[PDB]
2 protein chains.
Amino acid sequence: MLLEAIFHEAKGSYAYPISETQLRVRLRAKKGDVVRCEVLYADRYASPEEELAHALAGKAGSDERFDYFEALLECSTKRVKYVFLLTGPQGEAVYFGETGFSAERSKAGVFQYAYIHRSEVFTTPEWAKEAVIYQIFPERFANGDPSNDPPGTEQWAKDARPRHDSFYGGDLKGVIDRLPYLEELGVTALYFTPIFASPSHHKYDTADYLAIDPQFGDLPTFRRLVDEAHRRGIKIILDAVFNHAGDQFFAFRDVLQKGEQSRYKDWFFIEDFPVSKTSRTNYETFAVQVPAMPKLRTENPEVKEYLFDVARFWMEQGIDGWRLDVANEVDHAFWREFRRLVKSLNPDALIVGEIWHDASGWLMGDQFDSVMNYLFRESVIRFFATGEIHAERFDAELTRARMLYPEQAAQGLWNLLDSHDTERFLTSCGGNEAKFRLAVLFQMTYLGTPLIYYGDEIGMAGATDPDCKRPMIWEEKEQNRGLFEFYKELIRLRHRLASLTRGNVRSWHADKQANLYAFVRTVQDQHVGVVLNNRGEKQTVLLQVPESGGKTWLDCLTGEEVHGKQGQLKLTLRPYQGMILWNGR
Amino acid sequence: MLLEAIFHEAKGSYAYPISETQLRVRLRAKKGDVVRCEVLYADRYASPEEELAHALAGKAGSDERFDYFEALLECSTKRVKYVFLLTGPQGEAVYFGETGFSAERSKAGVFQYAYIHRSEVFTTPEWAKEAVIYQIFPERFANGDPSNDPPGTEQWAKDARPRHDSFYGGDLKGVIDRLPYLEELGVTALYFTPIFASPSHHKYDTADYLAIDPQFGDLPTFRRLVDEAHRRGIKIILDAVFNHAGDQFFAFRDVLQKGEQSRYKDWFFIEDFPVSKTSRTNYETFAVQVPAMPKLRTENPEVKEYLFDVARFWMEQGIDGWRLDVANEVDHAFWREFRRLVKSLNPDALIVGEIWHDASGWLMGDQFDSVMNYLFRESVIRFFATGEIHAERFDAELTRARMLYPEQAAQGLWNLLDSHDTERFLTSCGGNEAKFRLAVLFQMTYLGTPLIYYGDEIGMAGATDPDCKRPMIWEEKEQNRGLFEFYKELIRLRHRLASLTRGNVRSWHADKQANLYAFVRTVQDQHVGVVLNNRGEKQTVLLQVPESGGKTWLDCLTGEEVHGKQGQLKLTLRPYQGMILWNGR
Ligand SMILES: [Ca+2]
Ligand SMILES: [Ca+2]
């Protein structure tokens, strides 16, 4: 077979513990190029003469080019060596080891997992596992306190069309006054973009990390929100921008004054002195030449201790987690220590970085708990919105990413359909609710934490930034209640069905022609099949269904009881209709 | 080409900064599949309408199945986003990026390397970059103080055939007296095995990590050795065990004598009581059924602190490095923190662990500086000793292991030929000095830190443990001064030719027939073509040498002056003769 395509590494996303005594091993190989992959393992210090323990690695799923096999090494010694046995199509065999490939087991070698220390087991907040985050763009959510509105605030209307310099008054107070709504919907957590003291409209150039920006509120009001939120079963998540600071930050303001005389010169990245200039800057900033944003030297202990203090403060205020802004741009050590600090104060405080590329490095279990799933979104966009890729590609894209990181991460990844940095998904769907809906039914049933962008629940609309930041629609006569209900129910099902939150995924059906995709969520003896007919015509399809997994499901959405007849299950989906079948166990 | 063979990642040994503004990148492929590999890159925040820089990745080498390309990226902004351009035999142009492979650059996405932090540039001590260690098993090296000689010691004779529990009285005072010997040899640091107070013949079950064993010496005696060695250009590298303790350790005692009533019960891995018995373990130990070695719970903040205290002390005595056994069976967080500590007391403290399998997760730069290059020994122990493998294979086994880690790690790897655990290399050669020499020659010109086992520099032969620990031959008469002066001259050269210590490695010639392997060490403009003639015959091979690298070389071993013609170099080598050609630059 093709051995230069087979891959595995006794670490990272291919080898990791799930329990102190259980190791997860994965193997990659060319699609179809392999048919049977078994794992022969035994304690590292065991006699070579002894018999190795066998382990079967099922095909966890495949993508555009690879097949993925996954097993589960049961280890009592907490230490284990293991070699693969790969059987191909024609029936040929080969051993895969650290040493290399060989027909003989000996010359194959053997991979090794040093030791499984409980402290290196990827562990995340249990609640986070089954939760629904809701992104709040404060400025445009709800204006509850007029007295704190910035000068020149445009009236709050539905037919308003926002501009980079527009303002509507959105503030914390408002968030509270609306909690009942947020609760009704079922969100269990709120994600707040930057709400710290800042002079700009974007508030990404922090001025005071220890104070809530005026237009939004104050410590008293925040504490209140937190509590009023907490009692209503909603958690708070604050956006931390530790990478760069604002050109007003006390520490940076001094540098701009005392120059090299300030005990803060090495808190930032400066070169040619003195420190100032028009549109030119001798100090490093966020992105390319952004004066109002001096990169913070998170490597310097001082610069670390401050940020950490900032964490402590707000930690005490009662928040439930952090959303790292531009995290991949800050030394890993900072992050490693940040987690530790955050976790000692609150073991359930979630930590979510924002990287726009293979986040594997921060997702080993010692840094962040998860990252925004830009990939999930892209796949979503091109499959339900633009129709650029067909169900087969959609399956591959989805499958490739799942394998990218350890399950622990995989399962926590924040799946958004959009953001303040992108156009509304409805708009992406060219105004077609049907598509929109199906997309939601998928986000709401797929692997990974659901993130709803404020508005989308009642069908708001809008082009790219800042058109995606229109003010929240509050008039019932002007809201999409039918949608709101659709969400409510999906959100509920996600709580009633455990498979959907704590279950794995495995592709069920894919048709590039019919353009229909289906996956299954499995946990213990349960089971939940999701069928999606991504088309504008009525279609019927036959899906493989062995009695071992049951022969009668229930469309949790319509109540229709579908019955299976000899491994097959006939299904007739309406345009852009989605089915959520529950086996019963 | 087989795209499922190509592999790369923006981390580990495939993406790492050699400096704060330079990112080394490595690409893997099927041997032969790729012919040309170029890297297109620009700042992470660069504009798409902007131009892309270029970097020609040259075939850094090639093992049994893969081809490895390498390219150094110059990033001033410290933010790089790149994409590969591969080209196969048929000139097919395919780009490789984070998204995947495509004949369209854009459609191929692009790899990204977040940010280059100076604190994350694998940094090792300068002195270690060109040192030559000398393993000392204090028991059988020099007995300078008989006042410590344990009752039952034997006679120091050339014919002494040690036994599994023999005694020779060797101690530290002997290491001091005999220093003029080492200095002469040319060594630059000594590596001792466990020398901490312990009740055993191997002392791997430490009793007091705070004092020398009674039979070896004491604090005063130790210091004296340190200062004396230091004023001779020799450094001290102690071997400490932090994975487990001895059964007599002050803490474990309390436990084996106060069940769960022990204020140290969480300092070990205990399942139940009674605490112990012969042939019974109620606690975890190194390997299986080894009561003497009770694993330490390095995860415990207290157990960690103590070990650190042990470090601190011995580091204040003036040591310069640590050699850690079973380093892989102790959590990362420990090592990360241990490195940070040590480095704060002495920026030039070397930290080397012992891992008998891929050690990448420990050689990222935040933990160990290097490991014992066991891959090297095996490849050497078969090419010059037994002859199980031919030159081609050799070349491969090297080129492979080499690529395991980043360049800063591969470069400090301790290349041993034998050790206190194996048989002496001469004995692996069946007493054949001819072969041995070449080996030494290679081991002394190849990439990585040369480690010399006590005695092997004068011929000292011997079978596997405990026959590898024969009493050091001190009677000049009964010594192979011929080898001694051979070793010495080699050391001198490696200290004169930058390339040999701080240079990269690339194969020059590898012929399965003649069985002649020749490699080249390089730095800036210097070159050291080393040619190895591994055959009992006087073979003559041709070497490809473009007039760019030079036209005239010099064999530093003999002084002969060879010349290249029209990009061709004819050399006549003798049976097992080593040549070290310097391009005179
Ligand atoms: Ca307001
Ligand atoms: Ca003695």
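Digging into the overall build of chain A
Counting secondary structure elements, chain A contains 13 helices and 29 strands. Taking 585 residues into account, the globule formula puts the C-alpha radius of gyration at 25 Å, and chain A, at 26 Å, falls close to it. Within chain A, the proportion of its 585 residues that are buried is 61%. Counted over contacts in chain A with a minimum sequence separation of 6, partners at least 24 positions apart contribute 68%. Total accessible area on chain A is roughly 22900 Å²; 47% of this is exposed by carbon and sulfur atoms. One finds the centroid of the 71 positive side-chain charges in chain A at a distance of 3 Å from the centroid of its 85 negative side-chain charges.

A look at the coordination of the calcium ion (ligand 2)
All names here are of chain B. Looking at the metal site, the calcium ion (ligand 2) is ligated by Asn143 (OD1), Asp145 (O), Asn148 (OD1), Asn148 (ND2), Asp149 (OD) and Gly169 (O), spaced 2.2 to 3.0 Å from it. In this structure, the calcium ion (ligand 2) is coordinated by six donor atoms arranged in irregular fashion, with angles at the metal of 47 to 173°. Mapping the donors of the calcium ion (ligand 2) onto the primary sequence gives the spacing N-x1-D-x2-N-D-x19-G.

A few points about the interface of chain A and chain B
Each partner contributes residues to the interface: chain A has 51 residues there, and chain B has 54 residues. Carbon and sulfur atoms supply 44% of the area buried between chain A and chain B, which totals about 4200 Å² over both sides. Counting across the chain A and chain B interface gives nine salt bridges. Taking the shortest distance from any N to any O, the salt bridge between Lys30(B) and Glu4(A) comes out at 3.6 Å. At the junction of chain A with chain B, the criterion picks out 33 residue pairs in polar contact. Of all the secondary structure elements, the ones that give two or more residues to the side of chain A that touches chain B are β2 (22-30) and α6 (332-345) of chain A. Considering each element in turn, the side of chain A that touches chain B owes the most residues, three residues, to α6(A). Tallied by class, residues from the side of chain A that touches chain B come to 19 nonpolar, nine polar and 23 charged.

Section: the coordination of the calcium ion (ligand 1)
Residues and elements named next belong to chain A. Coordination sphere of the calcium ion (ligand 1), protein contribution only: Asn143 (OD1), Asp145 (O), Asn148 (OD1), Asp149 (OD) and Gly169 (O), at 2.2 to 2.5 Å. Counting the intervening residues between successive donors of the calcium ion (ligand 1) yields the motif N-x1-D-x2-N-D-x19-G. Owing to a relative accessible area of 25%, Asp149 belongs among the partly exposed residues under this scheme.

A few points about helix α11 (residues 433-443) of chain B
Along α11(B), the residues classified as buried are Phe436(B), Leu438(B), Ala439(B), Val440(B), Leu441(B), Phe442(B) and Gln443(B). Two to three positions downstream of the cap, the backbone nitrogen of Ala434(B) sits 2.9 Å from a side-chain oxygen, assigning the N-cap of α11(B) to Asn432(B).

Re the pattern of salt bridges
Scanning the entire structure with this criterion turns up 95 salt bridges over all chains. The partner of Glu104(A) in a salt bridge is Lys107(A), and the shortest N-O contact between them spans 3.1 Å. On the basis of relative accessibility, which here comes to 59%, the residue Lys107(A) falls in the exposed class. Across the pair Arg36(B) and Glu38(B) runs a salt bridge whose closest N-O atoms are separated by 2.4 Å. With relative accessibility at 29%, the residue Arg36(B) sits in the partly exposed group. Each of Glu64(A), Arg65(A), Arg382(A), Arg393(A) and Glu397(A) takes part in a single network of salt bridges with overlapping partners.

Describing the domain arrangement of chain A
Residue and element names in this part refer to chain A. Domain annotation for chain A reports domain 1 (1-121), domain 2 (122-242 + 298-502), domain 3 (243-297) and domain 4 (503-585). Centre-to-centre separation of domain 2 and domain 4, based on C-alpha positions: 30 Å. With 27 residues of domain 2 in contact, the opposing surface of domain 4 contributes 28 residues. There are zero salt bridges connecting domain 2 and domain 4. The interface formed by domain 2 and domain 4 holds 10 residue pairs in polar contact in total. Among the elements of the structure, α7 (374-385), α8 (391-404), α11 (433-443), α12 (481-496) and α13 (499-502) are those that each provide at least two residues to the side of domain 2 that touches domain 4. Looking at which element gives the most residues to the side of domain 2 that touches domain 4, the answer is α8, with seven residues. Residue classes in the side of domain 2 that touches domain 4 are distributed as 16 nonpolar, five polar and six charged.

As for the packing of aromatic side chains
Inspection of every chain in the model, using the stated rule, returns 111 aromatic pairs over all chains. Plain terms: the ring middles of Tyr453(A) and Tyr454(A) are 4.8 Å apart, the flat faces sit at 70° to each other, and that makes the pair edge-to-face. Across the pair, exposure class does not vary: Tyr453(A) and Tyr454(A) are buried alike. With a centroid separation of 5.1 Å and an interplanar angle of 80°, the aromatic rings of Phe96(B) and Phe111(B) are classed as edge-to-face. Of this pair, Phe96(B) sits in strand β7 (residues 93-96) while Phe111(B) is found in strand β9 (residues 111-113), placing the two residues 15 residues apart along the sequence. Within the aromatic cluster, the residues linked to one another by ring pairs are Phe196(A), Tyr209(A), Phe222(A), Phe249(A), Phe250(A), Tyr264(A), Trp267(A), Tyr306(A), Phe313(A) and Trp314(A). Between the NZ or CZ atom of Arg297(B) and the centre of the ring of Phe269(B), over which it lies, the distance is 4.0 Å. Taking the ring centre of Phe486(B) as reference, the NZ or CZ of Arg437(B) above it sits at 4.6 Å.

Brief notes about the side chain of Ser428(A)
Considering the arrangement of structural elements, one finds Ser428(A) in helix α10 (residues 425-428). A distance of 3.1 Å separates polar atoms of two side chains, one belonging to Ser428(A) and the other to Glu423(A).

Looking at the relation of the copies chain A and chain B
Each copy of the sequence occupies a distinct position, and chain A is placed on chain B by a rotation of 179° and an axial shift of 0.0 Å, giving an RMSD of 0.6 Å. Those values place the two copies in the arrangement expected of a two-fold rotation axis. Considering only C-alpha atoms, the part of chain A nearest the rotation axis is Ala5(A), at 2.4 Å.

Some words on the environment of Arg24(B)
Residue and element names in this part refer to chain B. Looking at where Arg24 falls in the secondary structure, it is placed in strand β2 (residues 22-30). Of the residues examined, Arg24 reaches a relative accessible area of 16% and is grouped as buried. Considering only alpha carbons, one finds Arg24 and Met444, 420 residues apart in sequence, at a separation of 26 Å. What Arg24 contacts, discounting residues up to four positions off in sequence, is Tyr14, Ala15, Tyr16, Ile18, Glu70, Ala71, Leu72 and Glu407. Looking at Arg24, its side chain comes within polar contact range of the side chain of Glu407, at 3.0 Å.

Focus on the sheet that holds strand β12 (residues 133-136) of chain A
Residues and elements named next belong to chain A. Overall, parallel pairing links the eight strands, which are arranged β19-β18-β17-β16-β13-β12-β21-β20 in an open sheet. Strand pairing shows two members of the sheet lacking a second neighbour, β19 (370-371) and β20 (414-416), which therefore form its edges. By the bridge criterion, three bridges tie strand β17 (residues 321-324) to strand β18 (residues 350-353) in an arrangement that is parallel. Within the sheet, the bridge partner assigned to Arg323 lies in β18 and is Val352.

A few points about the nonpolar core
Of all hydrophobic cores here, the largest spans 120 residues; its most connected members are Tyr134(A), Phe222(A) and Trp322(A). Take this core: its biggest share by element is eight residues, from helix α5 (residues 301-317) of chain A. Contact partners of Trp322(A), with chain neighbours within four places excluded, come to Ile237(A), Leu238(A), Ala240(A), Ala311(A), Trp314(A), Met315(A), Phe338(A), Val342(A), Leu350(A), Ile351(A) and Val352(A). Among the nonpolar cores identified, the runner-up in size contains 119 residues, and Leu190(B), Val371(B), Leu438(B) and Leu497(B) belong to it.

A word on the state of the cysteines
Here a disulfide denotes one covalent bond, and it connects the sulfur atoms of two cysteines. Enumeration over the complete set of coordinates arrives at zero disulfides over all chains. Unpaired in this structure, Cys75(A) has its nearest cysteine sulfur neighbour in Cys37(A), at a distance of 16 Å.

Concerning the side chain of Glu329(B)
Positionally, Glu329(B) belongs in the loop between β17 (321-324) and α6 (332-345). Look at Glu329(B) and you get buried, because its relative accessible area is 1%. In this structure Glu329(B) touches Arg44(A), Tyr45(A), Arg79(A), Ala114(A), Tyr115(A), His117(A), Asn243(B) and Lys295(B), once residues within four positions along its chain are discounted.

As for the sheet that holds strand β22 (residues 504-511) of chain A
Residues and elements named next belong to chain A. Strand order across the open sheet formed by four strands is β22-β23-β24-β29, with antiparallel pairing between neighbours. The sheet is open, and its two edges are formed by β22 and β29 (578-582), each paired on a single side. Neighbour-to-neighbour, the strand axes of the sheet open up by a mean angle of 15°, direction not taken into account. As judged from the six bridges shared by strand β23 (residues 516-522) and strand β24 (residues 528-533), these two strands associate in the antiparallel manner. The residue bridging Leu516 from the neighbouring strand is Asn533, located in β24. In the packing of α8 onto the sheet, contacts are made with β22 and β23, and the angle to β22 comes to roughly 160°.

Some details on unusual backbone geometry
The residue after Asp465(A), namely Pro466(A), is reached through a cis peptide bond having omega 0°. Residue position: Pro466(A) is located in the loop between β21 (449-453) and α12. Non-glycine residue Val326(B) carries a positive phi angle of around 50°. Secondary-structure assignment places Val326(B) in the loop between β17 and α6.

Conventions adopted
- Residues numbered from 1 in each chain as written, not as in the entry; some residues may be left out.
- Chains lettered and ligands numbered in written order.
- Heavy atoms only, no water.
- Helix = DSSP H or I, 4+ residues; strand = E, 2+ residues; numbered from the N terminus.
- Rg over C-alpha atoms; globule rule 2.2 N^0.38 Å.
- Buried < 20%, exposed > 50% of the residue type's maximum accessible area, 1.4 Å probe, protein only.
- Contact = heavy atoms within 4.5 Å.
- Areas by Shrake-Rupley, 256 points an atom, 1.4 Å probe, with all protein chains shown as cover.
- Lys, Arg positive; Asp, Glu negative; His and termini not counted.
- Charge placed at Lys NZ, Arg CZ, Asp CG, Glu CD.
- Donors = N, O, S within 2.8 Å, 3.2 Å for Na, K, Ca; no water.
- Tetrahedral: all angles 85-135°; square planar, octahedral: opposite > 155°, others 65-115°.
- Buried area = accessible area lost by both parts, 1.4 Å probe.
- Salt bridge = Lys/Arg side-chain N within 4 Å of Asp/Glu carboxyl O.
- Polar contact = N/O pair within 3.5 Å; in protein donor to acceptor, adjacent residues only side chain to side chain.
- Nonpolar A, V, L, I, M, F, W, Y, C, P; charged D, E, K, R; others polar.
- Domains from an automatic or database assignment.
- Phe/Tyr/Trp six-rings, centres within 6.5 Å; stacked < 30°, edge-to-face > 60°.
- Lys NZ or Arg CZ within 6 Å of the ring centre and 35° of its normal.
- Least-squares fit on C-alpha atoms.
- Pairing = 2+ DSSP bridges.
- Core = buried A, V, L, I, M, F, W, Y, C linked by side-chain atoms within 4.5 Å.
- Disulfide = S-S within 2.5 Å.
- Axes fitted to C-alpha atoms, helices over the stretch in contact; angles between N-to-C directions.

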